$ cat work.pdb   # PDB, C-alpha atoms
ATOM      1  CA  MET W   1       1.985  21.202  -1.085
ATOM      2  CA  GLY W   2       2.212  19.036  -4.175
ATOM      3  CA  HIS W   3       2.174  20.357  -7.748
ATOM      4  CA  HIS W   4       5.344  19.412  -9.602
ATOM      5  CA  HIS W   5       5.418  20.049 -13.337
ATOM      6  CA  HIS W   6       7.549  17.315 -14.843
ATOM      7  CA  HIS W   7       8.622  17.908 -18.430
ATOM      8  CA  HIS W   8       9.404  15.020 -20.766
ATOM      9  CA  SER W   9      12.342  15.690 -23.059
ATOM     10  CA  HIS W  10      12.563  12.087 -24.248
ATOM     11  CA  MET W  11      11.137  12.073 -27.757
ATOM     12  CA  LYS W  12      10.680   8.883 -29.725
ATOM     13  CA  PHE W  13      10.236  10.027 -33.291
ATOM     14  CA  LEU W  14       9.507   7.395 -35.899
ATOM     15  CA  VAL W  15      12.534   7.167 -38.145
ATOM     16  CA  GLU W  16      10.610   5.980 -41.174
ATOM     17  CA  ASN W  17      13.380   4.830 -43.486
ATOM     18  CA  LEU W  18      11.595   3.856 -46.678
ATOM     19  CA  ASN W  19      14.504   1.681 -47.799
ATOM     20  CA  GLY W  20      14.864   0.100 -44.383
ATOM     21  CA  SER W  21      12.854  -0.180 -41.191
ATOM     22  CA  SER W  22      10.786   2.330 -39.230
ATOM     23  CA  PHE W  23      12.269   2.770 -35.751
ATOM     24  CA  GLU W  24      11.229   5.043 -32.892
ATOM     25  CA  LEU W  25      14.514   6.626 -31.867
ATOM     26  CA  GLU W  26      14.438   7.934 -28.310
ATOM     27  CA  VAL W  27      16.353  11.201 -28.430
ATOM     28  CA  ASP W  28      16.651  14.007 -25.885
ATOM     29  CA  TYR W  29      16.152  17.711 -26.636
ATOM     30  CA  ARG W  30      19.786  18.236 -25.659
ATOM     31  CA  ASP W  31      21.163  15.843 -28.294
ATOM     32  CA  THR W  32      22.439  17.411 -31.500
ATOM     33  CA  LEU W  33      21.597  16.476 -35.087
ATOM     34  CA  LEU W  34      25.156  15.189 -35.436
ATOM     35  CA  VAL W  35      24.740  12.754 -32.545
ATOM     36  CA  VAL W  36      21.176  11.658 -33.344
ATOM     37  CA  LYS W  37      22.142  10.488 -36.845
ATOM     38  CA  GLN W  38      25.014   8.476 -35.372
ATOM     39  CA  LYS W  39      22.294   6.656 -33.451
ATOM     40  CA  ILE W  40      20.288   6.176 -36.653
ATOM     41  CA  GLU W  41      23.406   4.910 -38.431
ATOM     42  CA  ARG W  42      23.693   1.870 -36.167
ATOM     43  CA  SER W  43      19.953   1.286 -36.494
ATOM     44  CA  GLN W  44      19.489   1.557 -40.272
ATOM     45  CA  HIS W  45      23.048   0.352 -40.944
ATOM     46  CA  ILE W  46      23.590   3.327 -43.247
ATOM     47  CA  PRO W  47      26.411   5.886 -42.786
ATOM     48  CA  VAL W  48      25.494   9.294 -41.324
ATOM     49  CA  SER W  49      26.571  10.953 -44.578
ATOM     50  CA  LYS W  50      23.895   9.009 -46.499
ATOM     51  CA  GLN W  51      21.061   9.743 -44.083
ATOM     52  CA  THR W  52      18.846  12.215 -45.898
ATOM     53  CA  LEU W  53      16.468  13.433 -43.184
ATOM     54  CA  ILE W  54      13.278  14.534 -44.914
ATOM     55  CA  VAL W  55      10.771  16.154 -42.566
ATOM     56  CA  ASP W  56       7.513  17.498 -44.051
ATOM     57  CA  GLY W  57       9.498  18.054 -47.244
ATOM     58  CA  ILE W  58      12.471  19.863 -45.721
ATOM     59  CA  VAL W  59      15.899  18.231 -45.793
ATOM     60  CA  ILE W  60      17.806  18.402 -42.516
ATOM     61  CA  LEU W  61      21.435  19.047 -43.419
ATOM     62  CA  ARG W  62      22.770  20.452 -40.151
ATOM     63  CA  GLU W  63      25.199  18.954 -37.654
ATOM     64  CA  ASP W  64      25.740  22.127 -35.650
ATOM     65  CA  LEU W  65      22.136  22.532 -34.505
ATOM     66  CA  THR W  66      20.546  20.617 -31.648
ATOM     67  CA  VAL W  67      17.098  19.028 -31.925
ATOM     68  CA  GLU W  68      15.795  21.521 -29.361
ATOM     69  CA  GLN W  69      16.585  24.285 -31.858
ATOM     70  CA  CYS W  70      15.070  22.569 -34.877
ATOM     71  CA  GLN W  71      12.163  21.343 -32.731
ATOM     72  CA  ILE W  72      11.839  18.129 -34.728
ATOM     73  CA  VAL W  73       8.799  16.468 -33.172
ATOM     74  CA  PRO W  74       7.351  12.958 -33.833
ATOM     75  CA  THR W  75       4.102  14.596 -34.931
ATOM     76  CA  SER W  76       5.765  15.508 -38.221
ATOM     77  CA  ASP W  77       6.425  13.213 -41.192
ATOM     78  CA  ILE W  78      10.004  12.082 -40.589
ATOM     79  CA  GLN W  79      11.293   9.821 -43.351
ATOM     80  CA  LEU W  80      14.657   8.610 -44.569
ATOM     81  CA  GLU W  81      15.583   8.231 -48.206
ATOM     82  CA  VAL W  82      18.756   6.167 -48.488
ATOM     83  CA  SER W  83      21.150   7.893 -50.848
ATOM     84  CA  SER W  84      22.827   5.191 -52.912
TER      85      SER W  84
END
$ encode --input "work.pdb" --output "structure tokens"
Amino acid sequence: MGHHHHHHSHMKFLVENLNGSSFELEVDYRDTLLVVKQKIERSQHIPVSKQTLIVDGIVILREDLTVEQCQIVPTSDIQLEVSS
């Protein structure tokens, strides 16, 4: 009777692009780092290849890993530094 644990996979992490605009991108745990940056591309208007994901100091250069593996949460400092 009752009790249903509903998990929220939708994560809106603040894509804080210093050379652009901060945007909370709503990604799912299932989405890969390759796909998530394609979302960012249309948002920051910068090509995926120039999206230097800097989280807490670490650069995220992986397309093969999903966000559920990297566990990139909005409670970390997620910034973008536009490579010219």
$ resolve_selection --input "work.pdb" --expression "the PyMOL selection byres ((chain W and resi 20) around 12)" --output "list in words"
residues 15, 16, 17, 18, 19, 21, 22, 23, 40, 41, 43, 44, 45, 46, 51, 79, 80, 81, 82 and 83 of chain W
$ write_last_selection --input "work.pdb" --atoms "C-alpha atoms" --output "short mmCIF file (atom, residue, chain, number, x, y, z; two decimals), in the frame of the given file"
data_model
loop_
_atom_site.label_atom_id
_atom_site.label_comp_id
_atom_site.auth_asym_id
_atom_site.auth_seq_id
_atom_site.Cartn_x
_atom_site.Cartn_y
_atom_site.Cartn_z
CA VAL W 15 12.53 7.17 -38.15
CA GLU W 16 10.61 5.98 -41.17
CA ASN W 17 13.38 4.83 -43.49
CA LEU W 18 11.60 3.86 -46.68
CA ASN W 19 14.50 1.68 -47.80
CA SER W 21 12.85 -0.18 -41.19
CA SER W 22 10.79 2.33 -39.23
CA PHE W 23 12.27 2.77 -35.75
CA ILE W 40 20.29 6.18 -36.65
CA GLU W 41 23.41 4.91 -38.43
CA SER W 43 19.95 1.29 -36.49
CA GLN W 44 19.49 1.56 -40.27
CA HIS W 45 23.05 0.35 -40.94
CA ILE W 46 23.59 3.33 -43.25
CA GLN W 51 21.06 9.74 -44.08
CA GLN W 79 11.29 9.82 -43.35
CA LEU W 80 14.66 8.61 -44.57
CA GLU W 81 15.58 8.23 -48.21
CA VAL W 82 18.76 6.17 -48.49
CA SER W 83 21.15 7.89 -50.85
#
$ axis_aligned_box --input "work.pdb" --around "stretch 1-12 of chain W" --padding-each-side "4 Å" --output "JSON"
{"center_x": 7.3, "center_y": 15.0, "center_z": -15.4, "size_x": 18.6, "size_y": 20.3, "size_z": 36.6}
$ closest_residue --input "work.pdb" --among "W:36, W:27, W:72, W:1" --to "residue W:54" --atoms "only C-alpha atoms"
W:72
$ resolve_selection --input "work.pdb" --expression "the PyMOL selection byres ((chain W and resi 62) around 12)" --output "JSON, numbers by chain"
{"W": [32, 33, 34, 35, 36, 37, 48, 49, 51, 52, 53, 58, 59, 60, 61, 63, 64, 65, 66, 67, 69, 70]}
$ atom_distance --input "work.pdb" --atom1 "atom CA of residue W:8" --atom2 "atom CA of residue W:29"
9.3 Å
$ atom_distance --input "work.pdb" --atom1 "atom CA of residue W:84" --atom2 "atom CA of residue W:47"
10.8 Å
$ resolve_selection --input "work.pdb" --expression "the PyMOL selection byres ((chain W and resi 73) around 12)" --output "list in words"
residues 9, 10, 11, 12, 13, 14, 15, 24, 25, 26, 27, 28, 29, 55, 56, 67, 68, 69, 70, 71, 72, 74, 75, 76, 77 and 78 of chain W
